[PDB]
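> Encoded as structure tokens, here's the structure I'll be asking about.
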Amino acid sequence: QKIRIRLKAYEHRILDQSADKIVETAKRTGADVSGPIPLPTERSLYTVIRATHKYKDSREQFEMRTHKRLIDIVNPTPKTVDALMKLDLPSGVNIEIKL
Amino acid sequence: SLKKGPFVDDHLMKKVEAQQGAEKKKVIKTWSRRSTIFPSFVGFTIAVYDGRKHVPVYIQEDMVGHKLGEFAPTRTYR
Amino acid sequence: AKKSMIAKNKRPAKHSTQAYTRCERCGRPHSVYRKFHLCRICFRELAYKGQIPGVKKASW
Amino acid sequence: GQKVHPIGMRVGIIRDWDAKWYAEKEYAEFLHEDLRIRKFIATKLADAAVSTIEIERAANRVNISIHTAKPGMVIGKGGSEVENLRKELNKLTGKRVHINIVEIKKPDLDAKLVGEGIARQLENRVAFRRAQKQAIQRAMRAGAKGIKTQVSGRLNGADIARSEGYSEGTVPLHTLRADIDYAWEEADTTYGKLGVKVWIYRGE
Amino acid sequence: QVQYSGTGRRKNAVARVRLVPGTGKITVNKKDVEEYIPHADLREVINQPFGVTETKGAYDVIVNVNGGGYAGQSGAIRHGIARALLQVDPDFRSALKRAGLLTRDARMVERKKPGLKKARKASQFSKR
Amino acid sequence: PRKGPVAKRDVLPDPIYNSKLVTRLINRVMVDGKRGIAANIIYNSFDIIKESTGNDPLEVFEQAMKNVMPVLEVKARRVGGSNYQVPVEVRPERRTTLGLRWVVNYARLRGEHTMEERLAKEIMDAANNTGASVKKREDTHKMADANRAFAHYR
RNA sequence: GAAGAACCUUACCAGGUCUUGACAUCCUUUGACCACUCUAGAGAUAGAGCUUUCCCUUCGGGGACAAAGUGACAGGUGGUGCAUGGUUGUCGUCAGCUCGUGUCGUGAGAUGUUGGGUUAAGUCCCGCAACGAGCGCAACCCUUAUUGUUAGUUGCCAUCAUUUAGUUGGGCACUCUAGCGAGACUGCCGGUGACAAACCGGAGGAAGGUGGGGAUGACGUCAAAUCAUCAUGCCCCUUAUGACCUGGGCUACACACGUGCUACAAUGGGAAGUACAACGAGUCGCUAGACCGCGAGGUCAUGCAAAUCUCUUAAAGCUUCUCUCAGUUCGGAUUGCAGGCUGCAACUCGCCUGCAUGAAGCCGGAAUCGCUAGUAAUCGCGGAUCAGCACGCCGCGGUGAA
Ligand SMILES: [Zn+2]
């Protein structure tokens with residue numbers, strides 16, 4: 001209800017533990033929480049010719065991934081609201097409180 | 001391909017209208033590479049720069065359509 | 001001549017169709033990833049040094 | 001050429017990046033501020049002999065950390081040097097910087113430090129052979145599993161370039177669970193520029 | 001009521017078969033089996049499970065599908081049938097295996113590789 | 001190839017006449033990953049065949065085949081390092097292979113502007129021993145045993 | 001190299017221009033530069049106009065800042081891969097290359113690393129004056145194929161109802177998403193084998209024998225390549241090979257070669273109906289919808305910073321009709337005219353549309369290349385660089401042989 005939070009990082013351990021922390025901060029005070037919903041994990045791609053003057057054969061391709069989570073909550077009491085306002089850690093994964 | 005009117009640079013128009021009263025001075029040096037031809041140009045004599053030298057050429061009637069750059073070719077083959 | 005050229009871009013251009021891309025630390029004119037502002041080789045190397053968040057090697 | 005930068009492979013898999021943040025749509029300022037700060041502490045390395053640099057990302061501030069074999073020399077006499085750091089940095093950043101320090105232990109078994117030292121000795125016109133040998137002396141005896149050392153260029157300030165080095169212990173390379181480090185430095189007295197590259201191995 | 005299910009996968013296409021007692025029939029995406037299918041008489045292919053067990057009728061088939069071409073997903077319904085018939089009697093699976101048509105064909109399009117025009121094509125190459 | 005022989009990828013029977021040969025012939029008309037068209041010209045040719053002199057699209061087919069499938073073949077071998085071509089005892093399968101090959105290819109040049117009249121007429125003429133495919137098999141057997149003298153004890 | 005040459009970018013040529021100079025540091029006076037407009041100009045600039053204005057004050061001062069000067073000087077895509085660092089190409093994904101201690105030989109050297117068995121392999125077993133080891137092989141890694149569990153939206157619709165519809169009620173069953181687990185190890189059967197290693201067949205199983213694919217490149221050879229990504233010894237330019245601007249090059253054409261695309265048609269040309277993927281991109285950008293013009297497009301308006309909205313109903317495919325073997329209704333190079341888009345500006349030197357004209361070309365010598373399976377062949381989709389411009393390159397998927 002009227003609140004949810006997205007996640008976007010790279011290593012899954014930090015995302016999953018952030019998920020556990022927020023689920024604690026939600027189901028602690030009140031209830032009606034939603035689990036750590038998986039998401040399609042966008043991916044990028046590049047291609048660098050692995051040389052410096054010639055030989056456009058030797059390619060060297062790299063990548064990027066972005067795991068995601070998503071959690072909504074229902075009946076947020078003033079307690080867990082302000083606990084959300086104060087919870088900031090960890091600091092490797094970007095979250096965003098959203099209605 | 002410029003159906004919002006043709007185009008000729010102002011540092012040529014003012015320098016071509018300035019003769020509309022009297023006779024025309026035989027010389028109008030320019031860059032001569034961005035301008036189409038307007039009806040107000042017939043009878044003049046404009047020299048045309050080709051990146052190396054300016055090329056003096058008069059103005060006839062049917063020679064009014066295209067741009068200025070089609071008379072001093074910068075190729076010089078032979 | 002790379003110094004006069006590098007100094008050229010830091011100014012506002014003469015017209016809009018003139019502001020191109022060129023690496024920051026090095027100065028390659030060609031093939032600069034306009035997501036990172038690195039040239040082709042500089043990103044290649046810096047990926048090895050573990051200093052671009054994200055980028056790894058891609059096996060699949 | 002054929003070989004692969006070995007901390008370019010264990011990266012992400014078993015060892016992680018050393019710039020821990022996340023930046024969508026703001027991904028050139030952050031990069032070219034990280035680069036700026038990473039460059040500008042090369043003054044310390046002249047004597048501080050640092051090893052690593054982290055770039056954490058606050059909400060609106062800069063938290064980093066470093067490690068060096070001499071904690072007193074970096075922070076200064078009464079911690080005032082770290083203050084000069086803070087004030088030069090935020091001025092360089094336009095963002096409040098919050099530095100931190102941890103002391104490095106067993107600074108023999110590093111890699112960048114060892115390369116720093118052997119390039120130092122090579123600057124003073126000393127015999128490369130005994131330099132490599134005593135380097136691996138003090139390294140292996142500090143407790144390790146293998147070291148290789150390479151040197152190349154106009155060796156002994158002499159004619160056509162060469163390359164040769166010596167190794168003790170044993171270092172598997174194609175295996176992945178390796179945690180092997182790597183460092184590459186440069187020096188010269190008057191003949192262009194020399195080349196030294198060092199590899200260690202301290203557990204899978 | 002009584003309903004029987006079973007899935008099938010081929011060339012990255014997947015069909016969700018549904019079985020029920022009827023006269024021998026299949027309604028692919030609320031359409032007659034001869035609509036989704038082109039001209040294709042690869043229908044013996046599709047009834048081929050029946051030609052070995054419950055020979056050769058008669059149940060009905062609800063079926064969803066998505067992905068791949070026609071031939072791919074067409075072959076991909078063949079296996080929901082196998083799994084459904086398998087649900088009925090675990091006394092049939094031997095005669096299915098001996099006649100096969102039970103394991104998922106893992107052949108699929110190849111990961112290409114940089115430097116080659118195709119998955120394996122090598123460019124023509126001047127000798128001298 | 002170098003180690004040892006290898007498997008052979010048998011085909012399925014046909015969905016009309018249920019013939020391994022029919023499928024094995026449909027495959028040898030397809031060009032560039034486009035199949036249905038081949039099946040269509042096959043079926044239309046079959047109907048045309050059965051129309052005039054209706055016996056079967058299958059029986060006259062096998063007639064034309066046994067008219068074609070050879071029994072020997074010159075196999076160039078340099079046992080003496082030279083241009084020795086020795087008549088070989090052709091295998092069973094390759095016989096059918098060559099049957100279909102000569103049939104389809106040499107029929108492709110029959111020359112009816114119509115799409116599949118070319119095939120139908122060809123196999124109907126072959127079943128009655130008129131046409132170069134029959135002449136092709138007879139030419140193979142006339143070049144075999146044309147030199148079996150010096151090329152048999154090998 | 002070049003993963004975007006109209007100007008640039010851009011080194012090169014013709015012109016018009018500057019000197020501690022476009023860029024960095026010091027020092028002397030200082031002290032805060034801007035920006036703005038009008039003129040003459042092809043601009044570079046020149047010339048005038050309100051002006052660049054103290055951001056700390058203890059009464060003493062400091063930074064950004066000009067401008068001038070001053071000399072310290074900067075500057076160079078100038079030179080040498082044959083003085084160099086670093087980074088690649090190949091032999092080669094070929095199976096090899098070595099060492100310590102013992103022992104042999106007057107010595108260069110040899111033994112190990114050889115013979116028999118075995119193998120993808122210096123992989124293993126057996127015997128042997130050799131005993132042991134290291135970089136290599138393999139394994140540890142990523143992905144594909146089966147699935148248990150944990151979780152159910154922006155995903156799914158089986159059990160219910162209703163609406164244009166999974167939409168909206170209702171549900172999380174399935175599908176899918178994605179974490180943790182499970183699973184292939186010659187593990188059991190028979191046989192062959194000196195009982196060893198291994199090999200042939202079998203069950204079970206989703207896959208059986210390195211399941212399929214990738215990343216991963218030993219000692220070294222080739223004075224291979226690169227001072228033009230960067231760096232650097234030495235040699236060199238210095239009122240000029242350093243620097244600013246406009247215009248042209250790099251797109252020149254009697255000719256020889258390498259790589260590609262479209263074709264020489266009846267499995268085809270045209271016209272009309274009819275369905276099915278996958279990978280990814282999106283805020284000054286993807287356009288919904290509707291209106292207009294036959295078209296490239298324009299107009300007003302709509303969501304979308306995301307499993308929601310858009311690019312985007314994929315094309316070959318499947319069903320009918322017409323065309324009859326001809327340079328043809330095939331082929332559409334080339335060219336006239338009229339338009340569209342971005343762009344300060346498309347002659348030199350963009351992409352695209354309509355009309356009109358309609359070239360060579362009817363399967364190609366000697367010779368020569370690629371390819372062992374979801375491969376070859378064939379058909380579409382996307383995106384990197386990027387106002388704009390792809391038959392190239394990097395990925396995806398459909399059909400599917402000998
Ligand atoms: Zn760069």
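In the structure tokens, chains take the letters A, B, ... in the order shown, each chain's residues start at 1, and ligands count up from 1 in the order shown.
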Could you list, as a PyMOL selection string, all the residues within 9 Å of ligand 1, counting only C-alpha atoms (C1' of nucleotides) and all ligand atoms?
(chain C and resi 22-28+32+37-43) or (chain G and resi 229-230)
> Give me, as JSON lines, the closest atom pair and its distance (Å, one decimal) for every residue of chain A within a cut-off of 12 Å of chain E, counting only C-alpha atoms, rows sorted by chain and rising number.

{"residue": "A:46", "atom": "CA", "partner": "E:114", "partner_atom": "CA", "distance": 11.9}
{"residue": "A:47", "atom": "CA", "partner": "E:114", "partner_atom": "CA", "distance": 9.2}
{"residue": "A:48", "atom": "CA", "partner": "E:114", "partner_atom": "CA", "distance": 10.8}
{"residue": "A:49", "atom": "CA", "partner": "E:114", "partner_atom": "CA", "distance": 10.0}
{"residue": "A:50", "atom": "CA", "partner": "E:114", "partner_atom": "CA", "distance": 11.5}
{"residue": "A:55", "atom": "CA", "partner": "E:115", "partner_atom": "CA", "distance": 10.4}
{"residue": "A:56", "atom": "CA", "partner": "E:115", "partner_atom": "CA", "distance": 8.1}
{"residue": "A:57", "atom": "CA", "partner": "E:115", "partner_atom": "CA", "distance": 5.4}
{"residue": "A:58", "atom": "CA", "partner": "E:115", "partner_atom": "CA", "distance": 7.5}
{"residue": "A:59", "atom": "CA", "partner": "E:114", "partner_atom": "CA", "distance": 6.5}
{"residue": "A:60", "atom": "CA", "partner": "E:114", "partner_atom": "CA", "distance": 8.9}
{"residue": "A:61", "atom": "CA", "partner": "E:114", "partner_atom": "CA", "distance": 9.1}
> Please return, as a PyMOL selection string, all residues of chain A lying within 12 Å of chain D when only C-alpha atoms are considered.
chain A and resi 7-12+14+50-52+58+60+62-67+88-95
> Could you list the residues in chain C lying within 10 Å of chain G, using only C-alpha atoms (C1' of nucleotides), and format the result as number ranges by chain?
C: 1-8, 14-21, 23, 25-34, 39-42, 45, 57-60
> For atom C1' of residue G:284 and atom CA of residue C:55, determine how far apart the two atoms are, in Å to one decimal place.
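We find that atom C1' of residue G:284 and atom CA of residue C:55 lie 28.0 Å from each other.
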> Hey, list the chain F side of the contact with chain G: 8 Å cut-off, only C-alpha atoms (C1' of nucleotides), answer as number ranges by chain.
F: 27-28, 30-35, 37-38, 113-115
> Next, write the just-selected residues to a file, as a PDB file, in the first residue's frame, keeping N, CA, C and O atoms as the atom set.

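New file selection_27.pdb:
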ATOM      1  N   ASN F  27      13.653 -34.274 -49.901  1.00  0.00           N
ATOM      2  CA  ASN F  27      14.818 -33.547 -49.420  1.00  0.00           C
ATOM      3  C   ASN F  27      15.746 -33.152 -50.555  1.00  0.00           C
ATOM      4  O   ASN F  27      16.344 -32.074 -50.515  1.00  0.00           O
ATOM      5  N   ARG F  28      15.858 -33.981 -51.592  1.00  0.00           N
ATOM      6  CA  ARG F  28      16.779 -33.704 -52.685  1.00  0.00           C
ATOM      7  C   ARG F  28      16.151 -32.848 -53.768  1.00  0.00           C
ATOM      8  O   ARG F  28      16.503 -32.973 -54.945  1.00  0.00           O
ATOM      9  N   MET F  30      14.741 -29.661 -52.303  1.00  0.00           N
ATOM     10  CA  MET F  30      14.748 -28.435 -51.519  1.00  0.00           C
ATOM     11  C   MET F  30      16.007 -27.635 -51.798  1.00  0.00           C
ATOM     12  O   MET F  30      17.097 -28.190 -51.932  1.00  0.00           O
ATOM     13  N   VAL F  31      15.853 -26.322 -51.897  1.00  0.00           N
ATOM     14  CA  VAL F  31      16.978 -25.416 -52.068  1.00  0.00           C
ATOM     15  C   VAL F  31      16.797 -24.254 -51.107  1.00  0.00           C
ATOM     16  O   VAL F  31      15.745 -23.605 -51.105  1.00  0.00           O
ATOM     17  N   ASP F  32      17.807 -24.012 -50.276  1.00  0.00           N
ATOM     18  CA  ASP F  32      17.842 -22.858 -49.381  1.00  0.00           C
ATOM     19  C   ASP F  32      16.702 -22.882 -48.365  1.00  0.00           C
ATOM     20  O   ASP F  32      15.820 -22.025 -48.370  1.00  0.00           O
ATOM     21  N   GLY F  33      16.722 -23.884 -47.490  1.00  0.00           N
ATOM     22  CA  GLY F  33      15.895 -23.863 -46.297  1.00  0.00           C
ATOM     23  C   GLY F  33      14.415 -23.670 -46.519  1.00  0.00           C
ATOM     24  O   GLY F  33      13.702 -23.296 -45.585  1.00  0.00           O
ATOM     25  N   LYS F  34      13.932 -23.907 -47.732  1.00  0.00           N
ATOM     26  CA  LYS F  34      12.537 -23.702 -48.094  1.00  0.00           C
ATOM     27  C   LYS F  34      11.955 -25.051 -48.493  1.00  0.00           C
ATOM     28  O   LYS F  34      12.241 -25.553 -49.582  1.00  0.00           O
ATOM     29  N   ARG F  35      11.132 -25.634 -47.623  1.00  0.00           N
ATOM     30  CA  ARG F  35      10.723 -27.015 -47.844  1.00  0.00           C
ATOM     31  C   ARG F  35       9.358 -27.141 -48.504  1.00  0.00           C
ATOM     32  O   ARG F  35       9.229 -27.827 -49.523  1.00  0.00           O
ATOM     33  N   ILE F  37       7.517 -25.828 -50.553  1.00  0.00           N
ATOM     34  CA  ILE F  37       7.456 -25.764 -52.008  1.00  0.00           C
ATOM     35  C   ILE F  37       7.863 -27.096 -52.616  1.00  0.00           C
ATOM     36  O   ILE F  37       7.232 -27.582 -53.563  1.00  0.00           O
ATOM     37  N   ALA F  38       8.910 -27.716 -52.073  1.00  0.00           N
ATOM     38  CA  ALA F  38       9.361 -28.993 -52.609  1.00  0.00           C
ATOM     39  C   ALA F  38       8.287 -30.058 -52.453  1.00  0.00           C
ATOM     40  O   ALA F  38       8.014 -30.824 -53.385  1.00  0.00           O
ATOM     41  N   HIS F 113       8.407 -25.437 -69.364  1.00  0.00           N
ATOM     42  CA  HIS F 113       8.199 -24.164 -68.690  1.00  0.00           C
ATOM     43  C   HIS F 113       7.357 -24.343 -67.438  1.00  0.00           C
ATOM     44  O   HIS F 113       7.482 -23.567 -66.485  1.00  0.00           O
ATOM     45  N   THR F 114       6.510 -25.364 -67.418  1.00  0.00           N
ATOM     46  CA  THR F 114       5.709 -25.644 -66.243  1.00  0.00           C
ATOM     47  C   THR F 114       6.597 -26.105 -65.097  1.00  0.00           C
ATOM     48  O   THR F 114       7.713 -26.585 -65.299  1.00  0.00           O
ATOM     49  N   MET F 115       6.077 -25.966 -63.879  1.00  0.00           N
ATOM     50  CA  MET F 115       6.915 -26.138 -62.701  1.00  0.00           C
ATOM     51  C   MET F 115       7.385 -27.576 -62.521  1.00  0.00           C
ATOM     52  O   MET F 115       8.593 -27.815 -62.436  1.00  0.00           O
TER      53      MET F 115
END
> Please check the contacts: residues of chain E at most 12 Å away from chain C, using only C-alpha atoms, listed as a ChimeraX atom specification.
/E:110-113
> Just C-alpha atoms for this one: save the residues we selected as a CSV table (one decimal), in the first residue's frame.

chain,number,residue,atom,x,y,z
E,110,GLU,CA,24.7,-21.5,-32.0
E,111,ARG,CA,26.4,-18.7,-30.1
E,112,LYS,CA,28.3,-17.0,-32.8
E,113,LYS,CA,31.8,-15.7,-32.3
> Find, counting only C-alpha atoms, the residue in D:105, D:127, D:39, D:6 that gets nearest to residue D:172.
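Residue with the minimum atom-to-atom distance to residue D:172: D:6.
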> Mind the document's chain letters and residue numbers, and return as a VMD selection string the residues of stretch 14-77 of chain B that DSSP labels strand (DSSP E or B).
chain B and resid 36 45 to 49 54 to 58 67
> For chain D against chain C, which residues fall within 6 Å using only C-alpha atoms, given as a list in words?
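Contact residues on the first chain: residues 8, 17, 18, 19 and 28 of chain D.
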> Kindly save the residues from that selection, with N, CA, C and O atoms included, as a compact mmCIF listing (two decimals), in the first residue's frame.

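Contents of again-v7.txt, as written:
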# COMPACT_ATOMS: atom_id res chain seq x y z
N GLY D 8 42.81 -8.81 -13.88
CA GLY D 8 41.72 -8.56 -14.79
C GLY D 8 40.83 -9.74 -15.02
O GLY D 8 39.86 -9.64 -15.77
N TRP D 17 35.41 -5.26 -7.42
CA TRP D 17 35.87 -3.95 -7.82
C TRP D 17 36.38 -3.17 -6.62
O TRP D 17 36.12 -3.50 -5.46
N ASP D 18 37.14 -2.12 -6.91
CA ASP D 18 37.65 -1.23 -5.89
C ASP D 18 37.13 0.19 -6.08
O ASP D 18 37.83 1.16 -5.82
N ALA D 19 35.90 0.30 -6.58
CA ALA D 19 35.17 1.57 -6.62
C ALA D 19 33.69 1.20 -6.47
O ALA D 19 33.00 0.98 -7.46
N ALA D 28 29.70 10.31 -15.77
CA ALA D 28 30.95 10.87 -16.26
C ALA D 28 31.58 11.79 -15.24
O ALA D 28 32.80 11.77 -15.07
> Please identify all residues of chain E having at least one atom at most 10 Å from any atom of chain F, considering only C-alpha atoms, and return them as a ChimeraX atom specification.
/E:38-45
> Please measure the separation of atom CA of residue B:42 and atom CA of residue B:58, giving the value in Å to one decimal.
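Straight-line distance from atom CA of residue B:42 to atom CA of residue B:58 works out to 8.4 Å.
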> Name all residues at most 10 Å from residue D:128 (count only C-alpha atoms (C1' of nucleotides); drop same-chain ones fewer than 4 positions away) and give them as JSON, numbers by chain.
{"D": [118, 119, 121, 122, 132, 133, 151, 155, 156, 165]}
> Within 9 Å of residue E:4, counting only C-alpha atoms (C1' of nucleotides), which residues qualify if same-chain residues fewer than 6 places away don't, as a list in words?
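Once the nearby chain positions are removed, what remains is residues 17, 18, 19, 20, 84, 85, 87 and 88 of chain E.
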> Per DSSP on the backbone, what are the alpha helix (DSSP H) residues of chain B, as a compact mmCIF listing (two decimals) with N, CA, C and O atoms, in the first residue's frame?

# COMPACT_ATOMS: atom_id res chain seq x y z
N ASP B 10 24.75 37.17 -46.64
CA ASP B 10 24.51 38.61 -46.63
C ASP B 10 25.74 39.39 -47.04
O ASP B 10 25.62 40.44 -47.67
N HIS B 11 26.93 38.90 -46.73
CA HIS B 11 28.12 39.63 -47.15
C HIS B 11 28.39 39.46 -48.62
O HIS B 11 29.53 39.60 -49.07
N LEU B 12 27.37 39.11 -49.37
CA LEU B 12 27.34 39.19 -50.83
C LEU B 12 26.13 39.96 -51.33
O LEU B 12 26.24 40.69 -52.32
N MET B 13 24.98 39.83 -50.68
CA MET B 13 23.79 40.55 -51.11
C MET B 13 24.00 42.06 -51.02
O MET B 13 23.91 42.78 -52.01
N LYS B 14 24.30 42.55 -49.81
CA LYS B 14 24.57 43.97 -49.64
C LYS B 14 25.66 44.44 -50.59
O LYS B 14 25.63 45.58 -51.07
N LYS B 15 26.61 43.57 -50.89
CA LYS B 15 27.68 43.91 -51.81
C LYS B 15 27.31 43.69 -53.27
O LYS B 15 28.17 43.87 -54.14
N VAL B 16 26.07 43.30 -53.56
CA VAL B 16 25.63 43.19 -54.95
C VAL B 16 24.50 44.18 -55.20
O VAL B 16 24.32 44.67 -56.32
N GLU B 17 23.73 44.50 -54.16
CA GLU B 17 22.71 45.52 -54.32
C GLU B 17 23.30 46.92 -54.38
O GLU B 17 22.68 47.82 -54.94
> Could you jot down the atom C1' of residue G:197 to atom CA of residue F:3 separation for me, Å, one decimal place?
21.9 Å
